[PDB]
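The file protein_14.csv comes next; it holds CSV, C-alpha atoms.
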```
chain,number,residue,atom,x,y,z
A,740,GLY,CA,59.4,47.0,-43.1
A,741,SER,CA,59.8,50.0,-40.8
A,742,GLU,CA,63.0,52.0,-41.6
A,743,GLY,CA,63.8,52.3,-45.3
A,744,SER,CA,60.6,51.9,-47.3
A,745,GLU,CA,60.1,55.2,-49.0
A,746,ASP,CA,60.4,58.1,-46.6
A,747,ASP,CA,63.0,57.4,-43.9
A,748,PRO,CA,65.1,59.9,-41.8
A,749,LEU,CA,68.1,58.7,-43.9
A,750,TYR,CA,66.4,57.1,-47.0
A,751,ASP,CA,66.2,60.5,-48.6
A,752,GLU,CA,69.9,60.8,-47.9
A,753,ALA,CA,70.5,57.4,-49.3
A,754,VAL,CA,68.4,58.0,-52.4
A,755,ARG,CA,70.2,61.3,-52.9
A,756,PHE,CA,73.5,59.5,-52.3
A,757,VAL,CA,72.8,56.8,-54.9
A,758,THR,CA,71.3,59.3,-57.4
A,759,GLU,CA,74.4,61.4,-57.2
A,760,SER,CA,76.9,58.5,-56.9
A,761,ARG,CA,75.2,56.9,-59.9
A,762,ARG,CA,75.5,53.6,-58.0
A,763,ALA,CA,73.5,51.8,-55.3
A,764,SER,CA,75.9,50.1,-52.9
A,765,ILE,CA,74.9,49.6,-49.3
A,766,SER,CA,78.5,49.6,-48.1
A,767,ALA,CA,79.0,52.9,-49.9
A,768,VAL,CA,75.7,54.3,-48.7
A,769,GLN,CA,76.5,53.5,-45.1
A,770,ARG,CA,80.0,55.0,-45.7
A,771,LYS,CA,78.7,58.2,-47.2
A,772,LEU,CA,75.6,58.5,-44.8
A,773,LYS,CA,77.6,57.2,-41.8
A,774,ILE,CA,74.7,54.7,-41.2
A,775,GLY,CA,74.6,51.0,-40.5
A,776,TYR,CA,74.9,48.2,-43.2
A,777,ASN,CA,71.5,46.9,-42.3
A,778,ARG,CA,69.9,50.3,-42.3
A,779,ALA,CA,71.5,51.3,-45.6
A,780,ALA,CA,70.5,48.0,-47.1
A,781,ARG,CA,66.9,48.5,-45.9
A,782,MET,CA,66.8,51.9,-47.5
A,783,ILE,CA,68.5,50.4,-50.6
A,784,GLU,CA,65.7,47.8,-50.7
A,785,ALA,CA,63.3,50.7,-50.7
A,786,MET,CA,65.2,52.1,-53.6
A,787,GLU,CA,64.6,48.9,-55.6
A,788,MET,CA,60.9,48.9,-55.0
A,789,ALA,CA,60.6,52.7,-55.2
A,790,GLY,CA,62.4,52.7,-58.5
A,791,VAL,CA,65.3,54.7,-57.2
A,792,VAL,CA,67.9,52.1,-58.1
A,793,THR,CA,67.9,49.3,-60.7
A,794,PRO,CA,68.5,45.6,-59.7
A,795,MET,CA,72.0,44.2,-59.4
A,796,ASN,CA,74.1,43.5,-62.5
A,797,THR,CA,75.8,40.3,-63.7
A,798,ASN,CA,78.9,41.6,-61.9
A,799,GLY,CA,76.9,42.5,-58.8
A,800,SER,CA,76.5,46.3,-59.2
A,801,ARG,CA,73.3,48.3,-58.9
A,802,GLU,CA,72.3,51.3,-60.9
A,803,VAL,CA,70.1,54.4,-60.4
A,804,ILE,CA,66.7,54.9,-62.0
A,805,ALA,CA,65.6,58.0,-60.0
A,806,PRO,CA,66.6,61.2,-61.7
A,807,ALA,CA,69.2,63.6,-60.3
A,808,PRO,CA,68.9,67.2,-59.1
A,809,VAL,CA,69.8,69.1,-62.3
A,810,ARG,CA,68.1,72.4,-61.3
A,811,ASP,CA,64.7,71.7,-59.7
```
Target encoding structure tokens, full file:
Amino acid sequence: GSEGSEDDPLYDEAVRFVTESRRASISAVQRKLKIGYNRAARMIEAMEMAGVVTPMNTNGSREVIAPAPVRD
């Protein structure tokens, strides 16, 4: 792993994207971040291990575990 482990030029954007979107979808991440599917997925993987996003669901939809910016 090189790009998308914990601190990546766009991971922070992805994590912020998922946290705010309340959903971890690579296609969506790449769409919102204007990144590549592979790149987004890599960062998304980082979200899984990092605890930013929960594993996929029975239907095939991820969730977010990392809190959102409420004030701090």
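Note that CA of residue 801 in chain A and CA of residue 777 in chain A are 16.8 Å apart.
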Query raised in the report: Within 9 Å of range 786-793 of chain A, counting all atoms listed in the file, which residues qualify if same-chain residues fewer than 6 places away don't, as a ChimeraX atom specification?
Result: /A:743-745,750,753-754,757-758,761-763,801-806
Kindly export the residues of the current selection with C-alpha atoms, as a short mmCIF file (atom, residue, chain, number, x, y, z; two decimals), in the coordinates of the input.
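result34.cif, written as the output of this step:
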```
data_model
loop_
_atom_site.label_atom_id
_atom_site.label_comp_id
_atom_site.auth_asym_id
_atom_site.auth_seq_id
_atom_site.Cartn_x
_atom_site.Cartn_y
_atom_site.Cartn_z
CA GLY A 743 63.80 52.30 -45.30
CA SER A 744 60.60 51.90 -47.30
CA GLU A 745 60.10 55.20 -49.00
CA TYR A 750 66.40 57.10 -47.00
CA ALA A 753 70.50 57.40 -49.30
CA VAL A 754 68.40 58.00 -52.40
CA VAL A 757 72.80 56.80 -54.90
CA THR A 758 71.30 59.30 -57.40
CA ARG A 761 75.20 56.90 -59.90
CA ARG A 762 75.50 53.60 -58.00
CA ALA A 763 73.50 51.80 -55.30
CA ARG A 801 73.30 48.30 -58.90
CA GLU A 802 72.30 51.30 -60.90
CA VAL A 803 70.10 54.40 -60.40
CA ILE A 804 66.70 54.90 -62.00
CA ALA A 805 65.60 58.00 -60.00
CA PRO A 806 66.60 61.20 -61.70
#
```
**Report entry** CA of residue 781 in chain A to CA of residue 741 in chain A, distance in Å rounded to a single decimal
**Finding:** 8.9 Å
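Interatomic distance, CA of residue 770 in chain A to CA of residue 785 in chain A: 18.0 Å.
Considering the residues A:749, A:795, A:760, A:740 and counting only C-alpha atoms, residue 773 in chain A has its shortest atom-to-atom contact with A:749.
Between residue 771 in chain A and the candidates A:784, A:811, A:746, A:759, the tightest atom-to-atom separation, counting only C-alpha atoms, involves A:759.
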